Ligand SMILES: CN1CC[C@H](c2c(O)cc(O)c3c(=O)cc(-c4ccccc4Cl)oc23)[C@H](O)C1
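Given as structure tokens, the chain that follows is alone and in the form deposited without this ligand.
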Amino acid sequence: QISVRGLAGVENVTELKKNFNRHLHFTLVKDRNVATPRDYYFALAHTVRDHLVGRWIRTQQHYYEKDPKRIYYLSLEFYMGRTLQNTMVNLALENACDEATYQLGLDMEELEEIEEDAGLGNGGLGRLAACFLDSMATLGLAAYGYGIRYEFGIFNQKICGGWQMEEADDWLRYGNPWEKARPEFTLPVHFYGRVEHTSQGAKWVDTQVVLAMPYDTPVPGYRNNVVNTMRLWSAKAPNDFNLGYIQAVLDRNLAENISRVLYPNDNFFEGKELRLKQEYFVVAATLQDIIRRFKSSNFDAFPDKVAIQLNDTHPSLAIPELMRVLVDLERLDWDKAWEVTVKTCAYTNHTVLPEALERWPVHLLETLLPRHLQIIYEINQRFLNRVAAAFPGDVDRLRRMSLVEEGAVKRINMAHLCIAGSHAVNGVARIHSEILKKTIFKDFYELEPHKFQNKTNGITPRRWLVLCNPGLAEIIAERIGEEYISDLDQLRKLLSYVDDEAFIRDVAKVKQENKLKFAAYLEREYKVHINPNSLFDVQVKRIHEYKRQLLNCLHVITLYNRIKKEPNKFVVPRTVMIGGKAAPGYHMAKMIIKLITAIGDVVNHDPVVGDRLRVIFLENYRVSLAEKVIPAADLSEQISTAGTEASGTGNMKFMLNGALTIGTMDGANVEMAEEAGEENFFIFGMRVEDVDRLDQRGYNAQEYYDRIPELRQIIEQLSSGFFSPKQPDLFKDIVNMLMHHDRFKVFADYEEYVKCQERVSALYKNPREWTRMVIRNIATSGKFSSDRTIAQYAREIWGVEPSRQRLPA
């Protein structure tokens, strides 16, 4: 149908058809007369998977032969979403399969919707890991993602009476055609026990054993025949475990619970033993795999052949685990082991909020991992001896930099452990990396300035343009060719089309088509009516106070109140869509969801408003829903309090798909505005510097309430029961937080936000100038390819060169 989707050659179409019919018969054990759409989805998935295996076998064989440096990306989350279309895109099979399925009387788009998301992450951190795997394969790096195969990923969100309900994401119920179990490569992991000090070093004994069984998933690079591996570990009881007879068998569940469910609490660190077991499980199994591979080729050259990237502090136990293996098992001297460890490990930080940092109670480590605790203490003593030698007499610095935190309960600060144990520490956007050096890790930067780096985040333009917005990808390809898909900086060529009347028309037409399709998706799946000519104003991300979905809510109420005040006055019509999951125990996030639906309930049924304003809560926001909504958006809401959002990546998704951004100077928004020009961005609100000045003086929300009548009306409406008639005190906790203990200064940015939103509406009334600004954003989005991000990691941290060269097919 369209060029960027590849050729539908007659041999290929014929061959896909027969393999499809073969899988339906032999693999699925069905015939056409009783096959369902799910069976057809699986027959297609197996058909496409067959095309990966040759390239997968020879990629891994290639790495065995050439023995390049291996990159191991350790993460507790890999938010992959669906695999079928992404695989087709990367192998150039999309049009072929579309034709093949069309000739069999089937609609491939309908079959794609049957696939469950692999929802093995919470949001940005998890999705970054997935974009990274795609880029590493695309750039020909010998890279392996290592994680946990959760039986239950991030919960499915249901809204009942406007409240979030959580239900289990049983994503493996119908099977996973992409993974290959490798029970033959199963490895033991130890827990509990005690440490014995013999003549010839320490021994960790009397341990309980859990087996780690790997499952391998192929990661195809974009049209280069490279297929890398994501290996995810599953927990299995040993066969002598607990060995009433019946109860001993039933108690195998206790060991296997390690890989049962992803922790969804992305706001607040809670030290739960089961999460600690998860974090050790992934690290212990992964490092045995790493060492095995290294030996099949003297630990002096270990850092020349291995790099380990720690995604946040979650796999930080890699540091003392590598030290344990090298010292206790391989018998290296401490100093040599430490040199090897530091040169192998690198750490990426994702938040400056102190309640998010992992600080594990010493008593849990003492019980669960007694040897690792001893090693952490030894690391700490040798580290603090260095601090003392560089800053003699600075006793407060010693307590500030310690890996061991004193108090009610002693804790280990895992971020301090990562910095001590890594040759490189990076933030994920320039302003965040600067904040790490100036504030939370200032002492460490002064000790070892060379460790600190910036690697601004990015997104893959395969999933986030070519896959989710083929219409846009095609109209771009028409003018500049297809090479921009693996070299996104080429989008700068589109600056020479900003005054091209045909291109302006095509960009606008693609957005209108995406909006019509999404408006049809909404009505069909959820029975809700929207105006497709309205401005689509969208904020989708996890629900957090720092992200300030509440500030958006206040703007929505302002618009409604303005309409009720002057109903016969023209306003630019809007559909305001907000979506995102709240962590199950985060009461305020749950209250915010209830407030959004409560606003919707009033606004959507007011006959005087009409179709000029609608407020939709987008239920169960996840990767597959992002792929639908982001191409339909006009305005991207990126409105966190300055200094709180480390980077953001949804922001980049919107930029690439033709939405304009309203945002604070926070995270990667700063760099996005720098690339596009501040004139082509709707910047508002306090800068980081302004936030600091307000903190020194003291934030008094009452001041803003006293001075801004429109804000006072909104707060009185919240308090009096305007948005909750039958429960008039429902939102008291929200009002109380806003007035007395708002860490994120919602009222301080309100006036500027509302003004800025008026400038958005003004520009939207001139479709031609709106579209021209859109083109200037799309054309300067190149820097935010995760290919650029990974090439920087490779050159500046891992010490490897990327390659765009094909492997032979």
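So that the term is clear: the rigid core is the largest set of C-alpha atoms that superpose within 1.5 Å between two forms. In this text, residue numbers run from 1 along the sequence as written.
Legend entry - Positional deviation of Cα atoms in 7 other deposited structures of this protein after core superposition, greater for 260 to 268 or 287 to 295: Greater root mean square C-alpha distance in 7 other deposited structures of this protein: 260 to 268.
Legend entry - Greatest C-alpha divergence in 7 other deposited structures of this protein once each structure is fitted on the rigid core, 6 to 14 or 797 to 805: Stretch with the larger root mean square C-alpha distance in 7 other deposited structures of this protein: 6 to 14.
Inset, instruction - Scan the PDB entry between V608 and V609 and report the missing deposited residues as one of none, 1 to 3, 4 to 9, 10 or more. - result: Going from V608 to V609, the model skips no residues of the deposited sequence.
Legend entry - Length class of the unmodelled deposited segment, which would lie between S297 and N298: Going from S297 to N298, the model skips 10 or more residues of the deposited sequence.
Inset, instruction - Going by the average Cα B-factor in the PDB entry, point out whether 288 to 296 or 449 to 457 comes out higher. - result: Of 449 to 457 and 288 to 296, the stretch with the higher C-alpha B-factor average is 288 to 296.
Legend entry - Mean C-alpha B-factor comparison - 8 to 16 and 781 to 789, higher one: If you average the C-alpha B-factors of 781 to 789 and of 8 to 16, the larger mean comes out for 8 to 16.
Inset, instruction - Specify which of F723, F617, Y150, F383 carries the largest Cα B factor in the deposited PDB entry. - result: In this record, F723 carries the highest C-alpha B-factor of the candidates.
Inset, instruction - Go through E523, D443, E179, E675 one by one and give the residue whose Cα B-factor in the PDB entry is largest. - result: Highest C-alpha B-factor among the listed options: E523.
Inset, instruction - Could you tell me which third, lowest, middle or highest, the C-alpha B-factor of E355 occupies within its chain? - result: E355: CA B-factor falls in the middle third of its chain.
Legend entry - Third of the chain, ranked by Cα B-factor, where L24 sits: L24: CA B-factor falls in the middle third of its chain.
Legend entry - Chain-wide C-alpha B factor ranking for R712, given as lowest, middle or highest third: It belongs to the highest third of the chain when residues are ordered by C-alpha B-factor.
Legend entry - Ranked C-alpha temperature factor of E405 among modelled chain residues, by third: As the PDB entry reports it, the C-alpha B-factor of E405 lands in the highest third of its chain.
Legend entry - Entry-reported Cα temperature factor of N33, expressed as the chain third it lands in: It belongs to the highest third of the chain when residues are ordered by C-alpha B-factor.
The same protein also exists as the form deposited with this ligand bound; that form is not shown, yet it is the one meant from here on.
Inset, instruction - Check the shown form for clashes with this ligand: superpose the C-alphas around the site so the partner sits as in the deposited complex, and report blocked if 3 or more ligand atoms are within 2.4 Å of backbone or C-beta atoms, open if none are. - result: Here the answer is blocked - the superposed ligand has 3 or more atoms within 2.4 Å of backbone or C-beta atoms.
Legend entry - Position in contact with this ligand when the complex is considered in the deposited complex, options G105, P188, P567, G585, heavy atoms within 4.5 Å: Of the candidates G105, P188, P567, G585, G585 is the one lying within 4.5 Å of this ligand in the deposited complex.
Inset, instruction - Note which of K594, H372, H544, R574 lies within 4.5 Å of this ligand in the deposited complex, where distance is taken over heavy atoms; exactly one does. - result: Looking at the other structure, the residue within range turns out to be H544.
Legend entry - Candidate stretches 713 to 721, 487 to 495, 350 to 358, 689 to 697 - the one whose heavy atoms come within 4.5 Å of this ligand in the deposited complex: The contacting stretch here is 350 to 358.
Inset, instruction - With heavy atoms only and a cut-off of 4.5 Å, decide whether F268 touches this ligand in the deposited complex. - result: Residue-level check for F268: yes, a contact with this ligand.
Inset, instruction - Answer for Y750 alone: is it within 4.5 Å of this ligand in the deposited complex, judged on heavy atom distances? - result: Residue-level check for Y750: no, no contact with this ligand.
Legend entry - is_contact(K755, this ligand) in the deposited complex, heavy atom dist at most 4.5 Å: Residue-level check for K755: no, no contact with this ligand.
Inset, instruction - Check whether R743 has any heavy atom within 4.5 Å of a heavy atom of this ligand in the deposited complex, and answer yes or no. - result: Yes - in the deposited complex, heavy atoms of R743 and this ligand come within 4.5 Å of each other.
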